[PDB]
Amino acid sequence: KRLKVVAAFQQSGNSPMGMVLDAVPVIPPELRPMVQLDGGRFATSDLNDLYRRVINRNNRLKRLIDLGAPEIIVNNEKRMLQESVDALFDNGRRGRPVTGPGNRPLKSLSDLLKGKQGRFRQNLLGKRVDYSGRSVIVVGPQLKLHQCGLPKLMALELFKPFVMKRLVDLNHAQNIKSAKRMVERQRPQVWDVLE
Amino acid sequence: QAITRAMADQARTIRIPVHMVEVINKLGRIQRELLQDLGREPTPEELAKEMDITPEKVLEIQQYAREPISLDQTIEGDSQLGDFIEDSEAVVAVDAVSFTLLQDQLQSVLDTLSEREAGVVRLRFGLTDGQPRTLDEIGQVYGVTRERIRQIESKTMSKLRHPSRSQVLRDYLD
Amino acid sequence: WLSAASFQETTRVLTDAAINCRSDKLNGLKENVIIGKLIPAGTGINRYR
Amino acid sequence: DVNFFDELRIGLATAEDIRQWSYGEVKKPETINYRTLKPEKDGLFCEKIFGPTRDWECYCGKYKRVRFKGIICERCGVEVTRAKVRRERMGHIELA
Amino acid sequence: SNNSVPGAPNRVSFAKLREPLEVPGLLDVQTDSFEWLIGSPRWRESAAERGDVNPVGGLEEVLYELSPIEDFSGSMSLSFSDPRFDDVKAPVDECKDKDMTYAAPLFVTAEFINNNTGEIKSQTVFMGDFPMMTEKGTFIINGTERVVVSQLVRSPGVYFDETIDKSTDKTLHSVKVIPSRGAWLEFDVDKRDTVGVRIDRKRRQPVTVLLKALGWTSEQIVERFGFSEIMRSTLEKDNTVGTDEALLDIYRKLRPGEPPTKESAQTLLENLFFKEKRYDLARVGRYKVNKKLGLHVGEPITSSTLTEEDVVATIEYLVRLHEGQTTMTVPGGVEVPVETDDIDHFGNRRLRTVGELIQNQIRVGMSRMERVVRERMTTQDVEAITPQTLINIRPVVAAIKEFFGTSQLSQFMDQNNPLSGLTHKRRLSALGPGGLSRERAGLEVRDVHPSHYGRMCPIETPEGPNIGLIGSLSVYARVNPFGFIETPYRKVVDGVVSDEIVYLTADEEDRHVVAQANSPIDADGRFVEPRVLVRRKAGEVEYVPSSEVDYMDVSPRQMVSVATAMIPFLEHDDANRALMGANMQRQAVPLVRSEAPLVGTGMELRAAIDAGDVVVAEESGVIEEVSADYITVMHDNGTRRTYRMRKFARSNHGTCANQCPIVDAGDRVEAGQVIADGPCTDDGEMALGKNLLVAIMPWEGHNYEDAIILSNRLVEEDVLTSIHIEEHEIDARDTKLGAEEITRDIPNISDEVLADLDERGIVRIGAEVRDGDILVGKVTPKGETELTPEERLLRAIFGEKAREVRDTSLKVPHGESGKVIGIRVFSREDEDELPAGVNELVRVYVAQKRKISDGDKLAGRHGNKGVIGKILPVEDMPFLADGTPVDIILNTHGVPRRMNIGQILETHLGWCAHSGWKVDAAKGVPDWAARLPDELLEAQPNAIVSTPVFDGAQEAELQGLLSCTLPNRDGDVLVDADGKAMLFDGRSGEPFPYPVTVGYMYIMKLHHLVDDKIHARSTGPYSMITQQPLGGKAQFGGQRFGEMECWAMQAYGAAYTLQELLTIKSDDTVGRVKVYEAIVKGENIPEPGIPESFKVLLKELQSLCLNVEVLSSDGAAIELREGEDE
DNA sequence: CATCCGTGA
DNA sequence: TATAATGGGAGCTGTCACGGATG
Ligand SMILES: CO[C@H]1CCO[C@@]2(C)Oc3c(C)c(O)c4c(O)c(c5c(c4c3C2=O)NC2(CCN(CC(C)C)CC2)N5)NC(=O)[C@H](C)CCC[C@H](C)[C@H](O)[C@@H](C)[C@@H](O)[C@@H](C)[C@H](OC(=O)c2ccccc2)[C@@H]1C
Ligand SMILES: [Zn+2]
């Protein structure tokens, strides 16, 4: 089992020095966004409180190193720095997780990928789609096996840019902007066009 | 001293300066003082007069103290607040498409207009440029001087009335 | 490793794959769906495509 | 931006590979300002590092037009391309 | 009659005479609880009537635990006493209107005692504004009606468990001591016959190590536990001996990393288990340990802490139960039954009500300010200390405010129907803080326990993943002062039933023997047969002689809940559908006007009254004046009380709470009588639906697979029509570019669109609104960014200068429409107090008059659900001989499968009730109608009757009554003795070949309407990060094509369909725009690009120090619309 | 072949 | 920012079935 580890670092020139970091990368801001709600309060991502945790402690080390602090104090800071970078990379992995307000575990980097909610099973293997809708179903003994009753309301929003196309074709609207207005106001013309 | 200082300095996810923190803690102090005096939580007007005598800032202070919440926090299989936040940045499909069709209408204007006429149009408005150059430079950077380029401007403003009388530009303003 | 990580034990899959320097030839169903390529089956194969 | 690329490789990232990615080092815990609501400098949202908040809008306001493309403002060091870069540009922290 | 108490309509009942007791106040679970919290007069009287010695309120208790607050010196002492309230700061209706919390301010009397100066400064301190509970048993937090649900937690105490070993196959016994709050302590027995103890989940050590640590000699160990060979084997295998060596040993294994003093190991063994600070069994925690051990059983509850006596007497309980002993007497204690305890038994399962839930949160807050008190004492000087300077109530007001809007104990007030509230006001949830999680709950917690009888319903529980973890309280049950569930039983002296009633707890009943309610009783009180049906401990049942009968049930319907007892012929429907029959009643919708069911159960009255959504007369008198607005009542003493009618109000769930006066002007009305009912109520009775003329048959397939066919009569006469109100909101804030202003002037809008507004920009009341129309015109100053050079050019031609104000109007959401029925405007100008930044806030209320249509979910009380497949014209409907068309056509196929043939019996009795009947009295009273009470031997057309659960009609009487059916106006009977009748197909005219079962059924309108359910989207909003579509009808989002659906595509081999869905239909930034253009221009769909989500992943990986590079066929790393630069 | 931690359902 | 002051404090409770490292 040990060889399976050591043999993988020998083959590719892939240095094992990587398992110790001197500089940690910071994920782009729009992937850890900070947004103002309509209530005036702000809503931020959890990575911003963990990045903030690391930087705050890392800088404090710089101060304590410079001031020639005793090892007892310096080492403590070092240790917290380890638990900080760890808590960011994988929270809860070693010890108790970092709790935000209300004893809630913060979402770590690795948490963005894990399980059902993880980026994988929830954003790649199955996404959400445009040009789609949903409603209750009802029996229709009148329809043939290749047919289905689609509500006049559902279809108009489903084929919305296909209807806007033919509205300006047959000059009911003068452009694409006004043809949009026709469909939204639900002018009596569009029920013939959509058919 | 160092604890209180560092605390007010680091605890806020959005940093507020030292004096600002001092204000809020004085506002929480006078509030608790007026809290046992009036048997009720004091009105904004009441609190203001006592400490800073300004009602408008107290409302503002009480928003600064409001601590932010987490996007990743949830309500439900999976709540996740961030799954409701609409991306106000992304481009509307129809609105981007209609702008492009407005470019097909200004291409049918560079034509009816002369080459001198469709010249100043793209000069001071900056279509291909992206910048609106000063007119006393435009007339001098164009091979034709005596600011003839402002003379050709009026030779176009009414030439634009015809595609405005065709109303094909009248529809895109409403 | 794309197919593996998108199945189970995502933290374990990546740890091993990043060490072994495993390169992924994006030639499979789960593989292609993720990157948005046409799936290598049915009407997606070059024979019919 | 062709879709057909043959392989996808994953490996262990060097400490130097982290530096080759980042457009700068974050040296402040701060996110934004409390009055201006603007991304503070050398912070976690610093526009010098990750990019402009608005399209072709430099931070200190010296440049606000699309005419400047790729210009690095001297007063604050912000490139002028879309906020579409704040989804692709990396940062890094230098641990002591 | 059934309930001849208030002044109600006469609902005649098939019944054995029920005179044990009236249904106790349903809302009492919330009321009595909160009254204990504040220590109200009605409670101290209720404490007196119950014979409770020295009653202590919920607030009174918290103060006495806390008091007195001294520092380490003992110099300073702070104590509290005498809590008192002022009047509520604002009436209920104003709180709902001005979105503030219904609360009355709380005061206490605090005094600062100083032992050095000997002086005392005593004054009154303000404690904050305290949320008060209404009469309908709810709270009002920030303008919304909320409800605190009761939680089912594990009761503190000592519990014994018998686990069977896998290898040795011997019986091993395990004990576990649970504090209300503190460290853990559990004694278990090995297969090695050696006793071990785990403290706070630390490793196992011999039990003698603990005794030698206590100070018990090595000889006393041989004495007390010498009667067993397993304890002699433990003291022998004991590693070390010595009082010092034991404490050190325990210390070493408890807290490694700390220097072991003989004075530090002695200390923490005292604090972790024998101090009020670190350890605490509640009043229930102490009481439960005592009952199980039987010591100090008579002595009042003064100890809140564990003792050495309890530790030893617990170890003694373990060893005896291990070697087969059945009973034991603790030295100094009464004899106690020795056995393994079941965790789910309602004597060990605890019900913490509203009061304690608030109390616990209050205790949390008082502990927080105590910490500040002990910090403000050491800071300030002794001479200038007042309680006003020590006390900071800020953590207290926060703790209570957090709970009512930060915890899961404040469930939203389901506003579906007068029953929706009722059901929701009394719920037994095992979820929530202190309780269990959904994933932690196994299969034992969820299923029906024997002790649930008469306490918690076995039927009412959700269908979903929450099943068994949520239930309703049984009708006749109540909560005892210790948080357990009591239930009423009739007391039998010696074979003779006595009207004397005593409430029993779960474990207390197990010690006794109970007879079934329906057992035949002499007119005096004696039993008929020597051997009767008998309920016994552990859910076992046997025949037992009449000499051994202790108690008997109050009612046949004792075990059920409120909504459950409203299901006629319950004992004819299987628990599966009967479950849904109870759950669905909750989702009924209030119709335009409501009819009482032809078939009742009697419960429909008391449910309506105790709902609080009807108007009950307080004091007797005569109606002095009545209007659609209010009712005035002239009492007997002279005083006048006026009852205002809730008219057309929007509930929590957009249903129509509308009240109407029952009484006319001048009617004599007594106290407790319903003078005006609300939605879903007809003459003070729960009217959850309509009485429909049903037909049990397949009909041209339109009712295939549980679908439903309706008569258009229900559309032309609004029989199943409802009103639905929506609240639309929008505000104007202060921005950086100016301020949002609400105006009638919106950029580039005709006067045809603005036509329905007033001068301010608000829609006018009574106006009609469709989707897309404007309700509140608001414009905001848009950022001064360089306008398009192509739009600059377009503004020079037509010479129209651009405005700097963008349209930010409140338009009507897709699907919504109706009549504007009111405006609420709040202006910062008109001194209306607004949040920081807001100027004008507008509320427009729009109601809809939704008639019933296709896809609307209907249901009966028997779990018979389904949606409306088709509504035929009135003539197409299968009709009887006299021409009357049926209303509803249910399919025959979906009846015997569901075992819910109570819907069949309802149809039979339902027809007899519509036609009327008359038993043949000539040649005497028939033998079948011999048990039928006199009042039902003759019935009028459209009569109302009661079929109480586990009583009421039996199949023999029903069959006979079908023969009694009175003829119509034409003098002809329409149905036979079978209950069937002959129909004519309204389409072909010809008579149906066979007799069809016809009658009347009660059908409810459920809150699953297509007008809400339907939704679609071409393009719309998109995710801020993943750049995918948003989700939900509220955000106008598209459907989710999940992992399961991508397999179906893959299986088919539809690569291009699958690709499109995940590319140009999803998060391809440049693709979806160029697809919209290709469509509107009529060209071909372009080729998809790269999913922006995949770009996100490759950047998220990079942030994790994972060098991820994309390679082309050559092997070079290609860019992804970006570049790398140092 | 049977326990302890971590990871899913 | 000069009286003296010197080692924390909440735990969290009712899973389940399995593989892999250790016994
Ligand atoms: C804060 O309260 C919320 C919980 C918190 O979280 C958990 C972890 O704790 C819970 C606790 C302690 C409970 O007892 C629960 C409970 O008793 C439920 C449901 C859950 C929970 C539940 C949780 O999930 N959860 C789902 C919800 C939906 N997901 C369903 C998905 C498939 C669509 C499945 C399970 N059902 N009901 C039933 O079983 C019976 C059969 C009938 C329902 C009665 C009635 C419909 C209901 O009383 C509402 C009027 C209202 O009270 C609800 C809506 C509350 O929402 C606001 O009140 C509310 C107020 C303001 C804004 C928003 C919401 C929820 C409850
Ligand atoms: Zn600049």
# chains A, B, ... in the order shown; residues from 1 in each chain; ligands from 1

call {"tool": "residues_near_ligand", "arguments": {"ligand": "ligand 1", "cutoff": "7 Å", "atoms": "only C-alpha atoms (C1' of nucleotides) and all ligand atoms", "output": "PyMOL selection string"}}
result
(chain B and resi 75-77) or (chain E and resi 408-414+424+429+431-432+461-463+466-467+470+583)

call {"tool": "interface_residues", "arguments": {"of": "chain B", "to": "chain D", "cutoff": "8 Å", "atoms": "only C-alpha atoms", "output": "list in words"}}
result
residues 10, 13, 14, 15, 16, 64, 129, 130 and 131 of chain B

call {"tool": "write_last_selection", "arguments": {"atoms": "C-alpha atoms", "output": "PDB file, in the first residue's frame"}}
result
ATOM      1  CA  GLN B  10     -11.594  42.314  12.690  1.00  0.00           C
ATOM      2  CA  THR B  13     -17.196  41.153   7.870  1.00  0.00           C
ATOM      3  CA  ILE B  14     -17.475  44.628   6.377  1.00  0.00           C
ATOM      4  CA  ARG B  15     -14.926  46.837   8.109  1.00  0.00           C
ATOM      5  CA  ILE B  16     -16.179  49.906   9.967  1.00  0.00           C
ATOM      6  CA  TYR B  64     -24.230  49.806   9.943  1.00  0.00           C
ATOM      7  CA  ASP B 129     -14.485  54.376 -32.604  1.00  0.00           C
ATOM      8  CA  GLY B 130     -16.216  54.018 -29.256  1.00  0.00           C
ATOM      9  CA  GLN B 131     -15.228  57.597 -28.485  1.00  0.00           C
TER      10      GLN B 131
END

call {"tool": "residues_near_ligand", "arguments": {"ligand": "ligand 2", "cutoff": "12 Å", "atoms": "only C-alpha atoms (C1' of nucleotides) and all ligand atoms", "output": "ChimeraX atom specification"}}
result
/D:47-48,51-52,56-65,68,71-80

call {"tool": "write_last_selection", "arguments": {"atoms": "N, CA and C atoms", "output": "mmCIF file, in the first residue's frame"}}
result
data_model
loop_
_atom_site.group_PDB
_atom_site.id
_atom_site.type_symbol
_atom_site.label_atom_id
_atom_site.label_comp_id
_atom_site.auth_asym_id
_atom_site.auth_seq_id
_atom_site.Cartn_x
_atom_site.Cartn_y
_atom_site.Cartn_z
ATOM 1 N N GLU D 47 -10.228 45.481 -7.039
ATOM 2 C CA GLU D 47 -10.394 45.504 -8.489
ATOM 3 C C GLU D 47 -9.060 45.519 -9.222
ATOM 4 N N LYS D 48 -8.003 45.906 -8.518
ATOM 5 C CA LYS D 48 -6.653 45.829 -9.066
ATOM 6 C C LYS D 48 -6.324 44.380 -9.408
ATOM 7 N N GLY D 51 -10.502 42.487 -11.186
ATOM 8 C CA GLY D 51 -11.103 43.195 -12.301
ATOM 9 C C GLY D 51 -12.121 44.243 -11.894
ATOM 10 N N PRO D 52 -12.600 45.027 -12.870
ATOM 11 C CA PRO D 52 -13.542 46.133 -12.660
ATOM 12 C C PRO D 52 -14.942 45.660 -12.286
ATOM 13 N N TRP D 56 -15.520 48.147 -18.314
ATOM 14 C CA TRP D 56 -14.604 49.206 -18.729
ATOM 15 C C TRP D 56 -14.689 50.412 -17.804
ATOM 16 N N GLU D 57 -14.974 50.152 -16.536
ATOM 17 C CA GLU D 57 -14.988 51.207 -15.534
ATOM 18 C C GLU D 57 -13.860 51.046 -14.523
ATOM 19 N N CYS D 58 -12.777 51.797 -14.722
ATOM 20 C CA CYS D 58 -11.655 51.830 -13.783
ATOM 21 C C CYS D 58 -12.111 52.285 -12.403
ATOM 22 N N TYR D 59 -11.366 51.875 -11.380
ATOM 23 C CA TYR D 59 -11.749 52.108 -9.991
ATOM 24 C C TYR D 59 -11.787 53.586 -9.601
ATOM 25 N N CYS D 60 -10.663 54.288 -9.739
ATOM 26 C CA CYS D 60 -10.576 55.660 -9.237
ATOM 27 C C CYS D 60 -11.343 56.647 -10.122
ATOM 28 N N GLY D 61 -11.907 56.148 -11.222
ATOM 29 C CA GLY D 61 -12.795 56.930 -12.065
ATOM 30 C C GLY D 61 -12.126 57.706 -13.185
ATOM 31 N N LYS D 62 -10.819 57.512 -13.347
ATOM 32 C CA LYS D 62 -10.049 58.220 -14.371
ATOM 33 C C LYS D 62 -10.443 57.767 -15.776
ATOM 34 N N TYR D 63 -10.859 56.510 -15.890
ATOM 35 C CA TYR D 63 -11.289 55.946 -17.164
ATOM 36 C C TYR D 63 -12.680 55.340 -17.011
ATOM 37 N N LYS D 64 -13.625 55.760 -17.847
ATOM 38 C CA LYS D 64 -14.996 55.263 -17.732
ATOM 39 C C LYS D 64 -15.626 54.897 -19.073
ATOM 40 N N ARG D 65 -14.829 54.912 -20.137
ATOM 41 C CA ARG D 65 -15.357 54.663 -21.476
ATOM 42 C C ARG D 65 -14.771 53.398 -22.095
ATOM 43 N N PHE D 68 -10.975 52.933 -24.030
ATOM 44 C CA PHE D 68 -9.759 52.367 -23.464
ATOM 45 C C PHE D 68 -9.923 50.864 -23.286
ATOM 46 N N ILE D 71 -6.034 49.156 -21.137
ATOM 47 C CA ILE D 71 -5.275 50.229 -20.506
ATOM 48 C C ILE D 71 -5.176 50.001 -19.002
ATOM 49 N N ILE D 72 -3.956 50.098 -18.484
ATOM 50 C CA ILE D 72 -3.714 49.941 -17.057
ATOM 51 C C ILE D 72 -3.567 51.300 -16.374
ATOM 52 N N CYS D 73 -4.655 51.778 -15.769
ATOM 53 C CA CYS D 73 -4.673 53.067 -15.080
ATOM 54 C C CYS D 73 -3.556 53.183 -14.055
ATOM 55 N N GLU D 74 -2.851 54.305 -14.079
ATOM 56 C CA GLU D 74 -1.701 54.505 -13.207
ATOM 57 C C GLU D 74 -2.090 54.777 -11.756
ATOM 58 N N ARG D 75 -3.265 55.367 -11.548
ATOM 59 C CA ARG D 75 -3.653 55.812 -10.213
ATOM 60 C C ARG D 75 -4.136 54.680 -9.303
ATOM 61 N N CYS D 76 -4.433 53.515 -9.877
ATOM 62 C CA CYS D 76 -4.905 52.383 -9.078
ATOM 63 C C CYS D 76 -4.615 51.014 -9.700
ATOM 64 N N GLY D 77 -4.139 51.002 -10.941
ATOM 65 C CA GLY D 77 -3.711 49.770 -11.590
ATOM 66 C C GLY D 77 -4.802 48.791 -11.985
ATOM 67 N N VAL D 78 -5.915 49.302 -12.506
ATOM 68 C CA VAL D 78 -7.022 48.444 -12.920
ATOM 69 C C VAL D 78 -7.101 48.331 -14.440
ATOM 70 N N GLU D 79 -7.076 47.105 -14.951
ATOM 71 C CA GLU D 79 -7.268 46.869 -16.379
ATOM 72 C C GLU D 79 -8.710 47.197 -16.757
ATOM 73 N N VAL D 80 -8.938 47.607 -18.002
ATOM 74 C CA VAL D 80 -10.289 47.935 -18.454
ATOM 75 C C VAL D 80 -10.873 46.900 -19.420
#

call {"tool": "interface_residues", "arguments": {"of": "chain C", "to": "chain E", "cutoff": "8 Å", "atoms": "only C-alpha atoms", "output": "JSON, numbers by chain"}}
result
{"C": [18, 29, 33, 34, 35, 36, 37, 38, 39, 40, 41, 42, 43, 44]}

call {"tool": "write_last_selection", "arguments": {"atoms": "N, CA, C and O atoms", "output": "mmCIF file, in the first residue's frame"}}
result
data_model
loop_
_atom_site.group_PDB
_atom_site.id
_atom_site.type_symbol
_atom_site.label_atom_id
_atom_site.label_comp_id
_atom_site.auth_asym_id
_atom_site.auth_seq_id
_atom_site.Cartn_x
_atom_site.Cartn_y
_atom_site.Cartn_z
ATOM 1 N N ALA C 18 -5.072 13.433 -8.363
ATOM 2 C CA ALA C 18 -4.181 14.588 -8.451
ATOM 3 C C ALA C 18 -2.744 14.187 -8.154
ATOM 4 O O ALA C 18 -1.800 14.892 -8.514
ATOM 5 N N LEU C 29 -20.029 8.462 -21.537
ATOM 6 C CA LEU C 29 -21.312 9.135 -21.389
ATOM 7 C C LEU C 29 -21.272 10.196 -20.300
ATOM 8 O O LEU C 29 -21.523 11.373 -20.562
ATOM 9 N N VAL C 33 -21.322 14.412 -21.099
ATOM 10 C CA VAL C 33 -22.439 15.205 -20.584
ATOM 11 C C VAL C 33 -21.964 16.405 -19.768
ATOM 12 O O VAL C 33 -22.515 17.505 -19.874
ATOM 13 N N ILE C 34 -20.928 16.191 -18.966
ATOM 14 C CA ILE C 34 -20.399 17.237 -18.101
ATOM 15 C C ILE C 34 -19.798 18.386 -18.907
ATOM 16 O O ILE C 34 -20.111 19.551 -18.663
ATOM 17 N N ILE C 35 -18.948 18.057 -19.874
ATOM 18 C CA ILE C 35 -18.270 19.076 -20.667
ATOM 19 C C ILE C 35 -19.176 19.648 -21.760
ATOM 20 O O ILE C 35 -18.841 20.654 -22.389
ATOM 21 N N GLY C 36 -20.315 19.006 -21.987
ATOM 22 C CA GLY C 36 -21.276 19.508 -22.953
ATOM 23 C C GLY C 36 -21.084 18.968 -24.357
ATOM 24 O O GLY C 36 -21.731 19.430 -25.297
ATOM 25 N N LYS C 37 -20.192 17.993 -24.504
ATOM 26 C CA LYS C 37 -19.990 17.337 -25.792
ATOM 27 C C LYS C 37 -21.168 16.426 -26.111
ATOM 28 O O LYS C 37 -21.938 16.063 -25.221
ATOM 29 N N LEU C 38 -21.314 16.061 -27.380
ATOM 30 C CA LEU C 38 -22.322 15.084 -27.761
ATOM 31 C C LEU C 38 -21.906 13.738 -27.189
ATOM 32 O O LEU C 38 -20.731 13.379 -27.254
ATOM 33 N N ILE C 39 -22.854 13.004 -26.612
ATOM 34 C CA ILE C 39 -22.539 11.721 -25.989
ATOM 35 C C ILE C 39 -22.142 10.689 -27.047
ATOM 36 O O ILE C 39 -22.724 10.643 -28.133
ATOM 37 N N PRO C 40 -21.123 9.868 -26.739
ATOM 38 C CA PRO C 40 -20.569 8.893 -27.684
ATOM 39 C C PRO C 40 -21.448 7.662 -27.843
ATOM 40 O O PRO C 40 -20.970 6.532 -27.718
ATOM 41 N N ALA C 41 -22.725 7.894 -28.122
ATOM 42 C CA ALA C 41 -23.663 6.818 -28.390
ATOM 43 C C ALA C 41 -24.838 7.335 -29.212
ATOM 44 O O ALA C 41 -25.080 8.542 -29.275
ATOM 45 N N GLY C 42 -25.561 6.421 -29.850
ATOM 46 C CA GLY C 42 -26.722 6.791 -30.639
ATOM 47 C C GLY C 42 -26.401 7.722 -31.793
ATOM 48 O O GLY C 42 -25.535 7.426 -32.614
ATOM 49 N N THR C 43 -27.084 8.863 -31.842
ATOM 50 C CA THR C 43 -26.906 9.829 -32.928
ATOM 51 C C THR C 43 -25.686 10.722 -32.714
ATOM 52 O O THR C 43 -25.473 11.688 -33.447
ATOM 53 N N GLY C 44 -24.884 10.391 -31.709
ATOM 54 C CA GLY C 44 -23.725 11.186 -31.356
ATOM 55 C C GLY C 44 -22.442 10.676 -31.974
ATOM 56 O O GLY C 44 -21.479 11.429 -32.112
#

call {"tool": "interface_residues", "arguments": {"of": "chain B", "to": "chain A", "cutoff": "8 Å", "atoms": "only C-alpha atoms", "output": "VMD selection string"}}
result
chain B and resid 10 13 66 to 73 78 94 98 171 to 172

call {"tool": "write_last_selection", "arguments": {"atoms": "C-alpha atoms", "output": "mmCIF file, in the first residue's frame"}}
result
data_model
loop_
_atom_site.group_PDB
_atom_site.id
_atom_site.type_symbol
_atom_site.label_atom_id
_atom_site.label_comp_id
_atom_site.auth_asym_id
_atom_site.auth_seq_id
_atom_site.Cartn_x
_atom_site.Cartn_y
_atom_site.Cartn_z
ATOM 1 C CA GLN B 10 -11.594 42.314 12.690
ATOM 2 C CA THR B 13 -17.196 41.153 7.870
ATOM 3 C CA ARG B 66 -26.762 45.073 10.995
ATOM 4 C CA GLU B 67 -24.612 41.958 10.645
ATOM 5 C CA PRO B 68 -24.723 40.155 7.269
ATOM 6 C CA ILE B 69 -26.135 36.675 6.694
ATOM 7 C CA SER B 70 -24.721 33.745 4.740
ATOM 8 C CA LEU B 71 -25.682 32.821 1.187
ATOM 9 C CA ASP B 72 -24.931 29.158 1.916
ATOM 10 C CA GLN B 73 -27.373 29.124 4.842
ATOM 11 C CA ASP B 78 -31.979 21.759 0.138
ATOM 12 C CA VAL B 94 -34.569 39.580 -26.267
ATOM 13 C CA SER B 98 -33.374 43.924 -30.336
ATOM 14 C CA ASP B 171 -40.994 51.979 -33.533
ATOM 15 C CA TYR B 172 -37.751 51.420 -31.615
#

call {"tool": "residues_around", "arguments": {"residues": "range 36-43 of chain B", "least_positions_apart": "4", "cutoff": "12 Å", "atoms": "only C-alpha atoms (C1' of nucleotides)", "output": "MDAnalysis selection string"}}
result
(chainID B and resid 27:32 47:50 55 58:59) or (chainID E and resid 85:89 103:108 123:130 387:394 397 833:834)

call {"tool": "write_last_selection", "arguments": {"atoms": "C-alpha atoms", "output": "compact mmCIF listing (two decimals), in the first residue's frame"}}
result
# COMPACT_ATOMS: atom_id res chain seq x y z
CA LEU B 27 -26.10 53.81 20.98
CA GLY B 28 -26.59 50.41 22.61
CA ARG B 29 -25.69 51.94 25.97
CA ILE B 30 -28.05 54.91 25.86
CA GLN B 31 -30.75 52.59 24.50
CA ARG B 32 -30.44 50.22 27.47
CA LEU B 47 -32.57 58.10 21.13
CA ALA B 48 -31.18 60.68 18.71
CA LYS B 49 -31.78 63.81 20.78
CA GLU B 50 -30.01 62.40 23.82
CA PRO B 55 -32.49 61.70 14.05
CA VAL B 58 -29.36 57.11 14.13
CA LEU B 59 -31.33 55.23 11.47
CA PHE E 85 -47.27 42.92 33.21
CA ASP E 86 -48.75 46.13 31.86
CA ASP E 87 -51.57 46.29 29.33
CA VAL E 88 -50.76 45.26 25.77
CA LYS E 89 -49.13 48.08 23.82
CA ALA E 103 -46.89 42.09 23.32
CA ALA E 104 -47.31 43.41 26.86
CA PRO E 105 -44.31 44.94 28.68
CA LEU E 106 -42.82 42.96 31.59
CA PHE E 107 -41.57 44.31 34.93
CA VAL E 108 -39.70 42.77 37.87
CA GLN E 123 -36.30 49.10 42.70
CA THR E 124 -38.38 48.07 39.68
CA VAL E 125 -36.67 47.09 36.42
CA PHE E 126 -38.05 47.03 32.86
CA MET E 127 -37.39 43.69 31.16
CA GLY E 128 -38.66 44.19 27.62
CA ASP E 129 -41.80 43.81 25.53
CA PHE E 130 -43.12 40.27 26.01
CA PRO E 387 -29.77 47.07 39.83
CA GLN E 388 -30.26 49.57 36.98
CA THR E 389 -26.48 49.67 36.48
CA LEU E 390 -26.03 45.91 36.85
CA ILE E 391 -28.87 44.83 34.59
CA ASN E 392 -28.52 44.64 30.81
CA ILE E 393 -31.73 43.20 29.36
CA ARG E 394 -30.37 43.30 25.80
CA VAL E 397 -35.10 40.72 24.52
CA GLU E 833 -42.58 54.51 10.82
CA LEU E 834 -40.55 52.74 8.14

call {"tool": "residues_around", "arguments": {"residues": "residue 85 in chain D", "least_positions_apart": "2", "cutoff": "10 Å", "atoms": "only C-alpha atoms (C1' of nucleotides)", "output": "MDAnalysis selection string"}}
result
(chainID A and resid 28:30) or (chainID D and resid 50:53 55 81:83 87:90) or (chainID E and resid 1121:1122)
